[PDB]
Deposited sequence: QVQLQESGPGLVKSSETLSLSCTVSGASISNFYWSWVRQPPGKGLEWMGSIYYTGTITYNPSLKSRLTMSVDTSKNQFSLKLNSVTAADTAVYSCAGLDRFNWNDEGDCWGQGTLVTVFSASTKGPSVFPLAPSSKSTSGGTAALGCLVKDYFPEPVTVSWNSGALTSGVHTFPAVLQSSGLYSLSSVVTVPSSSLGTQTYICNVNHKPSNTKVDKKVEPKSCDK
């Protein structure tokens, strides 16, 4: 009988304000601690905050500088506003009625969740650092390149201009809370080849029109 419905733009502009509302039916606006949680893709659940119909609010400390919540009792609605968003704020946003003191017998009520994507036309080219082979025996050594703080996806990494393909392992990027990506590419090579064979990672980030060649040397 109790029904919560999220509403608000699914596709939003970066740096602009992300706004969502929840409409409550079948329950009095005074019966719950009305709450927002989110789950960025591939990450865990994060409670954003809770508001009571009187205006009492409590916010996750990692978001309190950019988050406001409100309640409109005449529309039986509550709402969130999240400022200065980046790609890090792309997430499934879900509204809920939480039972602070376990006073209701059926537990909490939950909305359906909505995947909101923060869109940005901006770009930033990567910094590239060598992941040098240690000083390795017996057999093989790992060396690579760290491709840091770029936006948007994708970047491509090759080794020795594509001549080196075996033993290459490029790891999917992490999206950092800054809203920028980083990734690592690592190749395993004969330890016996370090003094003699040159190893160069070729990084191409077409959205920023950036290319970097990095020689990865011992030490």
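*Asks:* Do you know which deposited regions have no coordinates at all?
*Replies:* In the chain as deposited, 136 to 137, 222 to 225 carry no coordinates.
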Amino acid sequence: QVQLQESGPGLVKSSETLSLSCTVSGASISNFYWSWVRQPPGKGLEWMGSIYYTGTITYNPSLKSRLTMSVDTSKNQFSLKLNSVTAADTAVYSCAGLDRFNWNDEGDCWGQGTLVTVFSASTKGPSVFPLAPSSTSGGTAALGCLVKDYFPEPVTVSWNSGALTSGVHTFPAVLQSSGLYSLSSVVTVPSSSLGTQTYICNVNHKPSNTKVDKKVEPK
From here on, numbers count along this sequence of modelled residues.
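*Asks:* Test of understanding: from the entry's C-alpha B-factors, which stretch has the higher mean, 25 to 33 or 59 to 67?
*Replies:* Stretch with the higher mean C-alpha B-factor: 25 to 33.
*Asks:* Averaging the C-alpha B factors as listed in the entry, name the stretch that ends up higher: 2 to 10 or 208 to 216.
*Replies:* For C-alpha atoms only, the mean B-factor is higher in 2 to 10.
*Asks:* Would you mind finding, among 152, 190, 49, 40, the residue with the largest C-alpha temperature factor in the entry?
*Replies:* Each of 152, 190, 49, 40 was compared by C-alpha B-factor; the highest is 190.
*Asks:* With respect to the C-alpha temperature factors reported in the PDB entry, which of 157, 168, 163, 174 ranks highest?
*Replies:* Answer, based on the entry's C-alpha B-factors: 163.
*Asks:* Among the chain's modelled residues, which third holds the C-alpha B-factor of residue 94?
*Replies:* Its C-alpha B-factor, which the entry lists for residue 94, ranks in the lowest third among residues of this chain.
*Asks:* Quick one: classify residue 142 as lowest, middle or highest third of the chain based on its Cα B-factor.
*Replies:* Highest third, going by the recorded CA B-factors of the chain.
*Asks:* Once the chain's modelled residues are ordered by C-alpha B factor and cut into thirds, is residue 194 in the lowest, middle or highest one?
*Replies:* Top third by C-alpha B-factor.
*Asks:* If you rank every modelled residue in this chain by C-alpha B factor, which third holds residue 123: lowest, middle or highest?
*Replies:* According to the entry, residue 123 has a C-alpha B-factor in the chain's middle third.
*Asks:* Splitting the chain's C-alpha B-factors into thirds, which one does residue 202 fall into?
*Replies:* Tercile = lowest for this residue's CA B-factor.
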